[PDB]
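Undergrad: Enclosed is the structure file data17.txt (compact mmCIF, C-alpha atoms and all ligand atoms).
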```txt
# COMPACT_ATOMS: atom_id res chain seq x y z
CA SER A 1 -17.58 -32.68 -3.69
CA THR A 2 -16.40 -30.98 -6.89
CA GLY A 3 -17.25 -28.01 -9.07
CA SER A 4 -16.70 -27.21 -12.73
CA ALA A 5 -17.38 -23.98 -14.60
CA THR A 6 -16.73 -22.64 -18.10
CA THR A 7 -14.63 -19.49 -18.35
CA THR A 8 -14.91 -17.24 -21.39
CA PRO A 9 -12.66 -14.46 -22.77
CA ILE A 10 -14.28 -11.04 -22.49
CA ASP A 11 -13.04 -9.79 -25.87
CA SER A 12 -11.19 -10.85 -29.02
CA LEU A 13 -7.78 -10.33 -27.40
CA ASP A 14 -8.29 -12.55 -24.31
CA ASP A 15 -7.81 -9.48 -22.10
CA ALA A 16 -9.57 -11.25 -19.22
CA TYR A 17 -11.81 -14.22 -18.54
CA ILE A 18 -15.23 -14.28 -16.85
CA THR A 19 -16.86 -17.26 -15.12
CA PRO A 20 -20.50 -17.31 -13.94
CA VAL A 21 -20.97 -17.43 -10.16
CA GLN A 22 -24.25 -17.95 -8.26
CA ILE A 23 -24.63 -15.68 -5.20
CA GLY A 24 -27.52 -15.59 -2.75
CA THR A 25 -30.93 -17.21 -2.42
CA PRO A 26 -32.54 -17.28 -4.87
CA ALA A 27 -29.40 -17.32 -7.02
CA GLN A 28 -28.15 -14.08 -8.52
CA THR A 29 -25.72 -14.96 -11.31
CA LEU A 30 -22.74 -12.66 -11.80
CA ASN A 31 -19.82 -13.08 -14.18
CA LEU A 32 -16.63 -12.82 -12.14
CA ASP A 33 -12.94 -12.54 -12.99
CA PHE A 34 -11.17 -15.46 -11.26
CA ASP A 35 -7.92 -13.97 -9.95
CA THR A 36 -5.18 -16.14 -8.45
CA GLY A 37 -3.28 -12.90 -7.74
CA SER A 38 -5.69 -11.51 -5.11
CA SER A 39 -7.83 -12.79 -2.27
CA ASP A 40 -11.04 -10.74 -2.15
CA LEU A 41 -14.41 -11.77 -3.57
CA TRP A 42 -16.00 -8.43 -4.45
CA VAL A 43 -18.95 -7.50 -6.65
CA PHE A 44 -20.78 -4.58 -8.15
CA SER A 45 -23.91 -4.17 -6.05
CA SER A 46 -27.00 -2.09 -5.33
CA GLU A 47 -24.70 -0.09 -3.01
CA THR A 48 -22.25 0.94 -5.75
CA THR A 49 -22.27 4.64 -6.65
CA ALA A 50 -24.68 4.76 -9.57
CA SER A 51 -22.40 6.88 -11.77
CA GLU A 52 -19.69 4.19 -11.46
CA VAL A 53 -21.92 1.39 -12.85
CA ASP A 54 -22.16 1.09 -16.65
CA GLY A 55 -23.82 -2.17 -17.72
CA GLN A 56 -22.54 -4.50 -15.00
CA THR A 57 -24.88 -6.97 -13.33
CA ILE A 58 -25.25 -5.99 -9.67
CA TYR A 59 -25.65 -8.06 -6.54
CA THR A 60 -28.64 -6.96 -4.45
CA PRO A 61 -28.22 -8.30 -0.90
CA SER A 62 -31.69 -7.11 0.13
CA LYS A 63 -33.17 -9.68 -2.32
CA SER A 64 -31.19 -12.63 -0.88
CA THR A 65 -32.76 -14.49 2.05
CA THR A 66 -29.33 -15.84 3.07
CA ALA A 67 -27.43 -12.52 2.98
CA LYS A 68 -26.26 -11.15 6.35
CA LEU A 69 -24.44 -7.86 6.86
CA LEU A 70 -21.05 -8.37 8.52
CA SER A 71 -21.35 -5.71 11.20
CA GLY A 72 -18.68 -3.02 11.00
CA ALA A 73 -16.51 -4.77 8.41
CA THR A 74 -15.06 -2.86 5.46
CA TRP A 75 -12.64 -3.58 2.63
CA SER A 76 -10.34 -1.62 0.35
CA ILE A 77 -8.08 -3.00 -2.36
CA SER A 78 -5.51 -1.55 -4.77
CA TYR A 79 -4.25 -3.67 -7.66
CA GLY A 80 -0.82 -3.49 -9.28
CA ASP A 81 -2.28 -1.75 -12.35
CA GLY A 82 -3.64 1.09 -10.20
CA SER A 83 -7.23 -0.17 -10.10
CA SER A 84 -9.04 -0.03 -6.76
CA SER A 85 -12.39 -0.62 -5.07
CA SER A 86 -13.89 -0.52 -1.57
CA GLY A 87 -17.10 -1.08 0.37
CA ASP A 88 -18.79 -3.15 3.05
CA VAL A 89 -19.13 -6.90 3.57
CA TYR A 90 -21.96 -9.42 3.52
CA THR A 91 -21.91 -13.16 4.08
CA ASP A 92 -23.98 -15.26 1.66
CA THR A 93 -24.19 -18.55 -0.18
CA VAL A 94 -21.85 -18.77 -3.19
CA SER A 95 -21.86 -21.54 -5.80
CA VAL A 96 -19.37 -22.21 -8.63
CA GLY A 97 -20.28 -24.87 -11.19
CA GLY A 98 -22.23 -26.94 -8.66
CA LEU A 99 -19.84 -26.40 -5.72
CA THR A 100 -21.55 -24.52 -2.88
CA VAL A 101 -20.06 -22.62 0.07
CA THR A 102 -22.28 -21.15 2.78
CA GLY A 103 -21.21 -18.12 4.78
CA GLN A 104 -18.77 -16.85 2.16
CA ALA A 105 -17.72 -13.22 2.60
CA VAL A 106 -19.14 -11.22 -0.33
CA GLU A 107 -17.54 -7.79 -0.49
CA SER A 108 -20.03 -5.23 -1.78
CA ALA A 109 -18.45 -2.38 -3.72
CA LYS A 110 -19.49 1.13 -2.77
CA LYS A 111 -16.78 2.71 -4.94
CA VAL A 112 -14.78 1.36 -7.91
CA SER A 113 -12.03 2.89 -10.06
CA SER A 114 -12.71 3.90 -13.65
CA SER A 115 -11.04 0.82 -15.12
CA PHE A 116 -13.75 -1.37 -13.60
CA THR A 117 -16.61 0.96 -14.60
CA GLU A 118 -15.44 0.90 -18.23
CA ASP A 119 -15.26 -2.94 -18.27
CA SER A 120 -18.99 -3.67 -18.61
CA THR A 121 -18.43 -7.46 -18.89
CA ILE A 122 -16.77 -7.96 -15.48
CA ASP A 123 -19.21 -7.93 -12.53
CA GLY A 124 -16.52 -8.52 -9.90
CA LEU A 125 -13.47 -10.56 -8.95
CA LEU A 126 -13.12 -13.90 -7.20
CA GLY A 127 -9.76 -14.03 -5.48
CA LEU A 128 -7.88 -17.33 -5.34
CA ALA A 129 -4.50 -16.42 -3.82
CA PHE A 130 -3.88 -17.23 -0.15
CA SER A 131 -6.23 -15.76 2.44
CA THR A 132 -3.48 -13.77 4.16
CA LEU A 133 -3.95 -11.12 1.42
CA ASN A 134 -7.67 -10.57 2.06
CA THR A 135 -8.35 -6.89 2.81
CA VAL A 136 -11.41 -7.16 5.09
CA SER A 137 -11.02 -5.18 8.32
CA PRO A 138 -11.07 -5.59 11.29
CA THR A 139 -11.65 -9.35 10.77
CA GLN A 140 -9.81 -10.92 7.82
CA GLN A 141 -11.98 -13.24 5.68
CA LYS A 142 -11.22 -16.52 3.87
CA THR A 143 -11.27 -17.09 0.10
CA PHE A 144 -13.86 -19.24 -1.67
CA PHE A 145 -11.23 -21.96 -2.19
CA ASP A 146 -10.19 -21.94 1.47
CA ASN A 147 -13.82 -22.22 2.57
CA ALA A 148 -14.46 -25.07 0.11
CA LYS A 149 -11.21 -26.96 0.82
CA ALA A 150 -12.44 -29.32 3.53
CA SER A 151 -15.36 -30.54 1.40
CA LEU A 152 -13.46 -30.92 -1.88
CA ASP A 153 -12.56 -34.45 -2.94
CA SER A 154 -8.97 -33.15 -3.41
CA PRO A 155 -7.72 -29.74 -2.17
CA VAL A 156 -6.96 -28.48 -5.69
CA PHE A 157 -8.30 -26.33 -8.46
CA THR A 158 -7.19 -26.31 -12.08
CA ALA A 159 -7.09 -23.53 -14.67
CA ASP A 160 -7.48 -24.43 -18.34
CA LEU A 161 -7.73 -21.10 -20.14
CA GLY A 162 -8.51 -21.03 -23.84
CA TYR A 163 -6.77 -19.17 -26.65
CA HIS A 164 -9.56 -17.10 -28.24
CA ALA A 165 -11.91 -19.78 -26.92
CA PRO A 166 -13.71 -20.90 -23.75
CA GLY A 167 -11.96 -22.90 -21.07
CA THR A 168 -12.61 -24.46 -17.68
CA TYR A 169 -11.99 -23.95 -13.96
CA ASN A 170 -12.37 -27.19 -12.00
CA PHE A 171 -12.49 -27.50 -8.19
CA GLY A 172 -11.64 -30.68 -6.31
CA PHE A 173 -10.46 -32.96 -9.14
CA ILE A 174 -7.88 -33.24 -11.93
CA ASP A 175 -9.36 -33.92 -15.38
CA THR A 176 -6.80 -36.35 -16.80
CA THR A 177 -8.34 -35.95 -20.28
CA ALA A 178 -7.59 -32.21 -20.43
CA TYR A 179 -3.80 -32.39 -20.90
CA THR A 180 -1.12 -34.41 -22.67
CA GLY A 181 1.91 -36.07 -21.14
CA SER A 182 2.55 -35.74 -17.41
CA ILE A 183 1.98 -32.94 -14.93
CA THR A 184 5.23 -31.48 -13.59
CA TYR A 185 4.91 -30.14 -10.05
CA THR A 186 7.08 -27.38 -8.58
CA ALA A 187 7.46 -25.80 -5.14
CA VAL A 188 5.37 -22.80 -4.06
CA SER A 189 6.34 -20.11 -1.56
CA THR A 190 3.39 -18.50 0.23
CA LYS A 191 5.49 -15.92 2.09
CA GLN A 192 4.00 -13.05 0.06
CA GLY A 193 0.48 -14.53 -0.16
CA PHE A 194 0.82 -15.42 -3.87
CA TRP A 195 1.13 -18.62 -5.86
CA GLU A 196 4.85 -17.92 -6.17
CA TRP A 197 7.24 -20.35 -7.86
CA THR A 198 10.60 -20.47 -9.65
CA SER A 199 10.85 -21.13 -13.37
CA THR A 200 14.04 -22.87 -14.46
CA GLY A 201 14.72 -20.83 -17.59
CA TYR A 202 13.58 -19.85 -21.05
CA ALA A 203 14.13 -20.12 -24.79
CA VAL A 204 13.22 -17.79 -27.65
CA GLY A 205 11.83 -19.52 -30.73
CA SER A 206 14.12 -22.39 -31.68
CA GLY A 207 17.04 -20.92 -29.72
CA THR A 208 19.11 -22.54 -27.02
CA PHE A 209 17.39 -22.91 -23.66
CA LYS A 210 18.91 -20.63 -21.02
CA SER A 211 18.97 -22.15 -17.53
CA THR A 212 18.26 -19.32 -15.10
CA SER A 213 16.00 -18.99 -12.07
CA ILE A 214 13.00 -16.72 -12.62
CA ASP A 215 10.92 -16.14 -9.51
CA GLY A 216 7.36 -15.14 -10.35
CA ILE A 217 3.69 -15.61 -9.56
CA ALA A 218 0.99 -17.57 -11.37
CA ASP A 219 -1.71 -14.94 -11.85
CA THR A 220 -4.88 -15.64 -13.84
CA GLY A 221 -5.90 -12.03 -13.09
CA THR A 222 -3.13 -10.42 -15.16
CA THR A 223 -3.32 -10.43 -18.96
CA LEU A 224 0.31 -10.35 -20.03
CA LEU A 225 3.62 -12.05 -19.23
CA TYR A 226 5.94 -9.76 -17.21
CA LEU A 227 9.56 -10.95 -17.07
CA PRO A 228 12.99 -9.45 -16.27
CA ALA A 229 14.35 -6.82 -18.65
CA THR A 230 17.18 -9.08 -19.85
CA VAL A 231 14.78 -11.86 -20.87
CA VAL A 232 12.31 -9.51 -22.56
CA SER A 233 15.06 -7.74 -24.49
CA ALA A 234 16.31 -11.10 -25.79
CA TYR A 235 12.79 -11.98 -26.97
CA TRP A 236 11.99 -8.78 -28.86
CA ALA A 237 15.47 -8.65 -30.39
CA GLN A 238 14.32 -11.57 -32.60
CA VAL A 239 11.39 -9.54 -33.97
CA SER A 240 12.37 -7.26 -36.84
CA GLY A 241 11.37 -3.69 -36.08
CA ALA A 242 10.32 -4.29 -32.48
CA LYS A 243 11.19 -1.54 -30.01
CA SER A 244 10.33 -0.34 -26.53
CA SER A 245 8.03 2.69 -26.74
CA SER A 246 7.84 5.06 -23.77
CA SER A 247 4.73 6.78 -25.13
CA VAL A 248 2.92 3.47 -25.56
CA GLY A 249 4.34 2.00 -22.35
CA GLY A 250 6.15 -1.11 -23.55
CA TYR A 251 7.38 -3.14 -26.47
CA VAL A 252 5.55 -2.72 -29.79
CA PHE A 253 6.16 -4.48 -33.09
CA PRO A 254 5.13 -4.06 -36.74
CA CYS A 255 1.80 -5.80 -37.09
CA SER A 256 3.06 -7.61 -40.24
CA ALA A 257 5.71 -9.49 -38.25
CA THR A 258 5.50 -13.17 -37.32
CA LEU A 259 6.28 -13.69 -33.68
CA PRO A 260 8.58 -16.41 -32.37
CA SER A 261 7.39 -18.74 -29.67
CA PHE A 262 8.52 -18.43 -26.05
CA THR A 263 9.44 -21.40 -23.87
CA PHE A 264 9.61 -21.35 -20.09
CA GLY A 265 10.93 -24.13 -17.86
CA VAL A 266 9.04 -25.95 -15.10
CA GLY A 267 11.62 -28.13 -13.42
CA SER A 268 12.91 -30.28 -16.26
CA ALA A 269 9.74 -29.78 -18.33
CA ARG A 270 9.13 -27.10 -20.96
CA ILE A 271 5.99 -25.08 -21.70
CA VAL A 272 5.88 -23.54 -25.19
CA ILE A 273 3.87 -20.37 -25.77
CA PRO A 274 3.03 -20.08 -29.51
CA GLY A 275 4.06 -16.80 -31.07
CA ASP A 276 0.45 -15.96 -31.96
CA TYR A 277 -0.40 -15.84 -28.22
CA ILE A 278 2.00 -12.88 -27.83
CA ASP A 279 0.19 -10.65 -30.39
CA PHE A 280 -2.15 -8.19 -28.68
CA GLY A 281 -3.09 -6.28 -31.82
CA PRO A 282 -2.89 -2.64 -32.89
CA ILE A 283 -2.01 -0.07 -30.23
CA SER A 284 -4.89 2.07 -31.56
CA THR A 285 -7.59 1.46 -34.13
CA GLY A 286 -6.11 1.43 -37.62
CA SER A 287 -2.48 1.44 -36.44
CA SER A 288 0.17 -0.76 -38.02
CA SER A 289 2.03 -0.92 -34.69
CA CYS A 290 0.95 -3.82 -32.47
CA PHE A 291 1.29 -4.35 -28.71
CA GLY A 292 3.45 -7.19 -27.39
CA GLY A 293 2.28 -9.80 -24.91
CA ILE A 294 5.67 -10.13 -23.20
CA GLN A 295 6.75 -7.01 -21.27
CA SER A 296 9.35 -6.01 -18.68
CA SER A 297 8.66 -6.43 -14.96
CA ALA A 298 11.31 -3.84 -14.05
CA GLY A 299 8.71 -1.26 -13.06
CA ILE A 300 6.49 -3.77 -11.21
CA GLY A 301 8.93 -5.40 -8.80
CA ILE A 302 7.78 -8.97 -9.37
CA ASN A 303 7.61 -11.30 -12.35
CA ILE A 304 4.10 -12.30 -13.39
CA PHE A 305 3.12 -15.42 -15.34
CA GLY A 306 -0.20 -13.96 -16.48
CA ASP A 307 -2.78 -15.33 -18.90
CA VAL A 308 -0.38 -15.25 -21.89
CA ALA A 309 1.68 -17.96 -20.21
CA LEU A 310 -1.01 -19.81 -18.25
CA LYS A 311 -3.28 -20.38 -21.27
CA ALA A 312 -0.49 -22.37 -22.95
CA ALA A 313 -0.74 -24.98 -20.15
CA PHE A 314 -3.03 -27.01 -17.95
CA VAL A 315 -2.31 -25.56 -14.50
CA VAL A 316 -2.90 -27.30 -11.16
CA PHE A 317 -3.17 -25.14 -8.04
CA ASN A 318 -2.58 -27.73 -5.29
CA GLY A 319 -3.74 -26.27 -1.97
CA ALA A 320 -2.39 -29.11 0.16
CA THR A 321 -0.68 -28.31 3.46
CA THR A 322 2.51 -27.91 1.46
CA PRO A 323 1.14 -26.18 -1.66
CA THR A 324 2.48 -26.88 -5.15
CA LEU A 325 1.83 -25.76 -8.72
CA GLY A 326 1.53 -28.28 -11.55
CA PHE A 327 2.00 -27.60 -15.26
CA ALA A 328 1.18 -29.84 -18.20
CA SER A 329 1.15 -29.28 -21.93
CA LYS A 330 -2.21 -29.43 -23.66
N1 LIG A 401 -4.03 -10.17 -10.19
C1 LIG A 401 -3.85 -9.46 -8.93
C2 LIG A 401 -2.45 -8.85 -8.82
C3 LIG A 401 -2.26 -7.50 -9.06
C4 LIG A 401 -0.99 -6.95 -8.95
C5 LIG A 401 0.09 -7.75 -8.60
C6 LIG A 401 1.48 -7.16 -8.48
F1 LIG A 401 1.70 -6.27 -9.50
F2 LIG A 401 1.61 -6.52 -7.28
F3 LIG A 401 2.39 -8.18 -8.52
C7 LIG A 401 -0.11 -9.10 -8.36
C8 LIG A 401 -1.38 -9.65 -8.46
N1 LIG A 402 -5.22 -8.01 -11.58
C1 LIG A 402 -6.57 -7.81 -11.04
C2 LIG A 402 -7.37 -6.99 -12.05
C3 LIG A 402 -8.29 -7.61 -12.88
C4 LIG A 402 -9.01 -6.86 -13.80
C5 LIG A 402 -8.79 -5.49 -13.91
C6 LIG A 402 -9.59 -4.66 -14.93
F1 LIG A 402 -9.08 -4.84 -16.18
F2 LIG A 402 -10.89 -5.07 -14.90
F3 LIG A 402 -9.51 -3.34 -14.63
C7 LIG A 402 -7.87 -4.88 -13.08
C8 LIG A 402 -7.15 -5.62 -12.16
```
Let me see the file written as structure tokens.
TA:
Amino acid sequence: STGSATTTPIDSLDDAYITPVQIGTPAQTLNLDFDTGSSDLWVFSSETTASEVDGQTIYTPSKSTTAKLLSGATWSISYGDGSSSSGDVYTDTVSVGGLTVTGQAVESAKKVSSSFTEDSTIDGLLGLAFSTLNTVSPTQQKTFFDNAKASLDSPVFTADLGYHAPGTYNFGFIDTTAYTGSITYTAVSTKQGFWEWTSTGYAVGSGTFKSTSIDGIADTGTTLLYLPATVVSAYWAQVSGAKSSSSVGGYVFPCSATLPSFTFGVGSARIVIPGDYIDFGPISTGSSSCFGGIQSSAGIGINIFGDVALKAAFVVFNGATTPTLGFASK
């Protein structure tokens, strides 16, 4: 079987992408943030503290004839940005773009951090990293992808994120009309539970390509591109007036500047991020200082190929017994 769903940016800056997901019987449709950097499927629900819900669509397990409480199970997650949530666990039927899994663990939020409350357009997350990172206790639970794997025509999913436009998540098949050229595959390490891979280098604008190994994770759940300080300094040095701002928390640039492109290597192939993808607009309303889409990973401890990089490519998440990541231009 296969599944295919449209994913849509939540605002004009592509800060995140939401994809509709059917949960329960009869279906309750929630718009979830597909996150290859985490492994919990959690949702705003009728159990969430009422003061922490502000416009989100909630899952109501008591209205689903297929929902079953998972006795004694709980979950608690903290994300790298300091966001967090926690609650109890149901099992229920979950469908994505026609692809149905029965008995999927649906983690019902009882408490969420303020960053989720203030994001009225995100009803939850659907984790797509490896199941070893799932936070359900005492019995760890599998991801949607892991549960669907056996029934998929091919054990893959693909991410085709749009620049200021809708895109597609496909499960079980590779749409050969969605990319140009060939797909270049590269090795994945699962030792940390992430889709972790090694980029072969980078170039700034039309500059010389620098061959250097950059270990990082492919993370649809993170907005920006987080790279080592040396790389990021070389990028912003080519932008007149760009500087690192401690008060703002990263590199900013005069909004009137034109940004150079950024190229990263995948084996012998090259993915080019257009300069316009790196513009994240004024730091505050009316400001002539703009926030950069490439920032240092020095404070994070890991390099992150977030949406800024992934939306420049067609990305194959190959969940075969030896997993690999595939990148193609589009
Ligand atoms: N999108 C989930 C996520 C959040 C944080 C991290 C970090 F910062 F720990 F690498 C990775 C993945
Ligand atoms: N990396 C996971 C993640 C996804 C979304 C959010 C936000 F923006 F909704 F708070 C936080 C963390």
Undergrad: Quick one: residues within 6 Å of (-4.4, -10.6, -3.1) (file frame), counting only C-alpha atoms, please, as a list in words.
TA: residues 37, 38, 39, 129 and 133 of chain A
Undergrad: Can you build me a table of chain A residues sitting at most 6 Å from ligand LIG 402 (chain A), with the closest atom pair per residue and its distance in Å to one decimal, using all atoms listed in the file, sorted by chain and residue number, as a tab-separated table?
TA:
```
residue	atom	partner	partner_atom	distance
A:79	CA	A:LIG402	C8	5.7
A:83	CA	A:LIG402	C7	5.6
A:115	CA	A:LIG402	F3	4.5
A:116	CA	A:LIG402	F3	4.8
A:119	CA	A:LIG402	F2	5.9
A:221	CA	A:LIG402	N1	4.3
A:222	CA	A:LIG402	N1	4.8
```
Undergrad: Write to file, as a PDB file, keeping the file's coordinate frame, the residues of the selection just made, with C-alpha atoms.
TA:
```
ATOM      1  CA  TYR A  79      -4.250  -3.670  -7.660  1.00  0.00           C
ATOM      2  CA  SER A  83      -7.230  -0.170 -10.100  1.00  0.00           C
ATOM      3  CA  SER A 115     -11.040   0.820 -15.120  1.00  0.00           C
ATOM      4  CA  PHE A 116     -13.750  -1.370 -13.600  1.00  0.00           C
ATOM      5  CA  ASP A 119     -15.260  -2.940 -18.270  1.00  0.00           C
ATOM      6  CA  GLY A 221      -5.900 -12.030 -13.090  1.00  0.00           C
ATOM      7  CA  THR A 222      -3.130 -10.420 -15.160  1.00  0.00           C
TER       8      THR A 222
END
```
Undergrad: List every protein, DNA or RNA residue with an atom no more than 8 Å from (8.5, -4.2, -26.6) in the file's coordinates, counting all atoms listed in the file, and format the result as a list in words.
TA: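 Result, sorted by chain then residue number: residues 232, 233, 236, 242, 243, 244, 245, 250, 251, 252, 253, 291, 292, 294 and 295 of chain A.
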Undergrad: Using C-alpha atoms, can you export the residues from the last selection as a PDB file, keeping the file's coordinate frame?
TA:
```pdb
ATOM      1  CA  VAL A 232      12.310  -9.510 -22.560  1.00  0.00           C
ATOM      2  CA  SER A 233      15.060  -7.740 -24.490  1.00  0.00           C
ATOM      3  CA  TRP A 236      11.990  -8.780 -28.860  1.00  0.00           C
ATOM      4  CA  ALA A 242      10.320  -4.290 -32.480  1.00  0.00           C
ATOM      5  CA  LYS A 243      11.190  -1.540 -30.010  1.00  0.00           C
ATOM      6  CA  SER A 244      10.330  -0.340 -26.530  1.00  0.00           C
ATOM      7  CA  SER A 245       8.030   2.690 -26.740  1.00  0.00           C
ATOM      8  CA  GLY A 250       6.150  -1.110 -23.550  1.00  0.00           C
ATOM      9  CA  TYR A 251       7.380  -3.140 -26.470  1.00  0.00           C
ATOM     10  CA  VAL A 252       5.550  -2.720 -29.790  1.00  0.00           C
ATOM     11  CA  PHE A 253       6.160  -4.480 -33.090  1.00  0.00           C
ATOM     12  CA  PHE A 291       1.290  -4.350 -28.710  1.00  0.00           C
ATOM     13  CA  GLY A 292       3.450  -7.190 -27.390  1.00  0.00           C
ATOM     14  CA  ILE A 294       5.670 -10.130 -23.200  1.00  0.00           C
ATOM     15  CA  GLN A 295       6.750  -7.010 -21.270  1.00  0.00           C
TER      16      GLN A 295
END
```
Undergrad: Would you list the residues that come within 12 Å of ligand LIG 401 (chain A)? Count only C-alpha atoms and all ligand atoms and give the answer as a PyMOL selection string.
TA: chain A and resi 16+33-40+77-84+125-130+133-134+192-196+215-227+296-307
Undergrad: I need the residues from that last selection saved to file as a compact mmCIF listing (two decimals), in the coordinates of the input (with C-alpha atoms), if you can.
TA:
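part_36.txt, written as the output of this step:
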```
# COMPACT_ATOMS: atom_id res chain seq x y z
CA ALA A 16 -9.57 -11.25 -19.22
CA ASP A 33 -12.94 -12.54 -12.99
CA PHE A 34 -11.17 -15.46 -11.26
CA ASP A 35 -7.92 -13.97 -9.95
CA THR A 36 -5.18 -16.14 -8.45
CA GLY A 37 -3.28 -12.90 -7.74
CA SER A 38 -5.69 -11.51 -5.11
CA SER A 39 -7.83 -12.79 -2.27
CA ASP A 40 -11.04 -10.74 -2.15
CA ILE A 77 -8.08 -3.00 -2.36
CA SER A 78 -5.51 -1.55 -4.77
CA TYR A 79 -4.25 -3.67 -7.66
CA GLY A 80 -0.82 -3.49 -9.28
CA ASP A 81 -2.28 -1.75 -12.35
CA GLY A 82 -3.64 1.09 -10.20
CA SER A 83 -7.23 -0.17 -10.10
CA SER A 84 -9.04 -0.03 -6.76
CA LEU A 125 -13.47 -10.56 -8.95
CA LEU A 126 -13.12 -13.90 -7.20
CA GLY A 127 -9.76 -14.03 -5.48
CA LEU A 128 -7.88 -17.33 -5.34
CA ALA A 129 -4.50 -16.42 -3.82
CA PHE A 130 -3.88 -17.23 -0.15
CA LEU A 133 -3.95 -11.12 1.42
CA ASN A 134 -7.67 -10.57 2.06
CA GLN A 192 4.00 -13.05 0.06
CA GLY A 193 0.48 -14.53 -0.16
CA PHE A 194 0.82 -15.42 -3.87
CA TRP A 195 1.13 -18.62 -5.86
CA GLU A 196 4.85 -17.92 -6.17
CA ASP A 215 10.92 -16.14 -9.51
CA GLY A 216 7.36 -15.14 -10.35
CA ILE A 217 3.69 -15.61 -9.56
CA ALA A 218 0.99 -17.57 -11.37
CA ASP A 219 -1.71 -14.94 -11.85
CA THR A 220 -4.88 -15.64 -13.84
CA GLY A 221 -5.90 -12.03 -13.09
CA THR A 222 -3.13 -10.42 -15.16
CA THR A 223 -3.32 -10.43 -18.96
CA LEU A 224 0.31 -10.35 -20.03
CA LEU A 225 3.62 -12.05 -19.23
CA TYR A 226 5.94 -9.76 -17.21
CA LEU A 227 9.56 -10.95 -17.07
CA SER A 296 9.35 -6.01 -18.68
CA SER A 297 8.66 -6.43 -14.96
CA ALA A 298 11.31 -3.84 -14.05
CA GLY A 299 8.71 -1.26 -13.06
CA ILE A 300 6.49 -3.77 -11.21
CA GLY A 301 8.93 -5.40 -8.80
CA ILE A 302 7.78 -8.97 -9.37
CA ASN A 303 7.61 -11.30 -12.35
CA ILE A 304 4.10 -12.30 -13.39
CA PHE A 305 3.12 -15.42 -15.34
CA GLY A 306 -0.20 -13.96 -16.48
CA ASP A 307 -2.78 -15.33 -18.90
```
Undergrad: Grab the atom CA of residue A:41 to atom CA of residue A:13 distance for me, in Å with one decimal place.
TA: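 Computing it gives 24.8 Å between the two atoms.
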Undergrad: Have a look at A:277, A:286, A:271, A:187 and name the one nearest to residue A:322; count all atoms listed in the file.
TA: A:187
Undergrad: Please determine, counting only C-alpha atoms, which residue among A:321, A:2, A:51, A:85 has the shortest atom-to-atom distance to residue A:154.
TA: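 Checking each of A:321, A:2, A:51, A:85 against residue A:154, counting only C-alpha atoms, the winner is A:2.
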Undergrad: If I wrap all listed atoms of stretch 132-139 of chain A in a box with edges along x, y and z and add 5 Å on each side, what are its centre and edge lengths in Å to one decimal, as lines of an AutoDock Vina configuration file?
TA:
```
center_x = -7.6
center_y = -9.5
center_z = 6.4
size_x = 18.2
size_y = 18.6
size_z = 19.9
```
Undergrad: Please provide the set of residues having any atom within 9 Å of residue A:26, restricted to only C-alpha atoms, with same-chain residues fewer than 6 positions apart removed, written as a list in words.
TA: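 Answer for this query is residues 63, 64, 65 and 66 of chain A.
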Undergrad: Give me, please, the distance in Å between atom CA of residue A:20 and atom CA of residue A:6, quoted to one decimal.
TA: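 Computing it gives 7.7 Å between the two atoms.
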Undergrad: Show which residues sit within 8 Å of residue A:44, as a ChimeraX atom specification. Count all atoms listed in the file, and ignore same-chain residues fewer than 6 positions away.
TA: /A:53,56-59,108-110,123-124
Undergrad: Got a sec: who's within 9 Å of residue A:203, counting only C-alpha atoms, leaving out chain neighbours fewer than 4 positions off, as a list in words?
TA: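 Residues near the query, excluding close chain neighbours: residues 207, 208, 209, 210, 211, 235, 261, 262, 263, 264, 265 and 272 of chain A.
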Undergrad: Give the answer as one residue: which of A:145, A:48, A:24, A:270 has the shortest atom-to-atom distance to residue A:113, using all atoms listed in the file?
TA: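 The answer is A:48, which sits nearest to residue A:113.
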Undergrad: Please provide the set of residues having any atom within 12 Å of residue A:148, restricted to only C-alpha atoms, with same-chain residues fewer than 2 positions apart removed, written as an mmCIF file with C-alpha atoms, keeping the file's coordinate frame.
TA:
```
data_model
loop_
_atom_site.group_PDB
_atom_site.id
_atom_site.type_symbol
_atom_site.label_atom_id
_atom_site.label_comp_id
_atom_site.auth_asym_id
_atom_site.auth_seq_id
_atom_site.Cartn_x
_atom_site.Cartn_y
_atom_site.Cartn_z
ATOM 1 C CA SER A 1 -17.580 -32.680 -3.690
ATOM 2 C CA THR A 2 -16.400 -30.980 -6.890
ATOM 3 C CA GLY A 3 -17.250 -28.010 -9.070
ATOM 4 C CA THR A 93 -24.190 -18.550 -0.180
ATOM 5 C CA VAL A 94 -21.850 -18.770 -3.190
ATOM 6 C CA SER A 95 -21.860 -21.540 -5.800
ATOM 7 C CA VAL A 96 -19.370 -22.210 -8.630
ATOM 8 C CA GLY A 98 -22.230 -26.940 -8.660
ATOM 9 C CA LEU A 99 -19.840 -26.400 -5.720
ATOM 10 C CA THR A 100 -21.550 -24.520 -2.880
ATOM 11 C CA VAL A 101 -20.060 -22.620 0.070
ATOM 12 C CA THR A 102 -22.280 -21.150 2.780
ATOM 13 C CA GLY A 103 -21.210 -18.120 4.780
ATOM 14 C CA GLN A 104 -18.770 -16.850 2.160
ATOM 15 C CA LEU A 128 -7.880 -17.330 -5.340
ATOM 16 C CA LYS A 142 -11.220 -16.520 3.870
ATOM 17 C CA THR A 143 -11.270 -17.090 0.100
ATOM 18 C CA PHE A 144 -13.860 -19.240 -1.670
ATOM 19 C CA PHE A 145 -11.230 -21.960 -2.190
ATOM 20 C CA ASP A 146 -10.190 -21.940 1.470
ATOM 21 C CA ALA A 150 -12.440 -29.320 3.530
ATOM 22 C CA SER A 151 -15.360 -30.540 1.400
ATOM 23 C CA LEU A 152 -13.460 -30.920 -1.880
ATOM 24 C CA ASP A 153 -12.560 -34.450 -2.940
ATOM 25 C CA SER A 154 -8.970 -33.150 -3.410
ATOM 26 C CA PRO A 155 -7.720 -29.740 -2.170
ATOM 27 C CA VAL A 156 -6.960 -28.480 -5.690
ATOM 28 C CA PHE A 157 -8.300 -26.330 -8.460
ATOM 29 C CA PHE A 171 -12.490 -27.500 -8.190
ATOM 30 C CA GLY A 172 -11.640 -30.680 -6.310
ATOM 31 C CA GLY A 319 -3.740 -26.270 -1.970
#
```
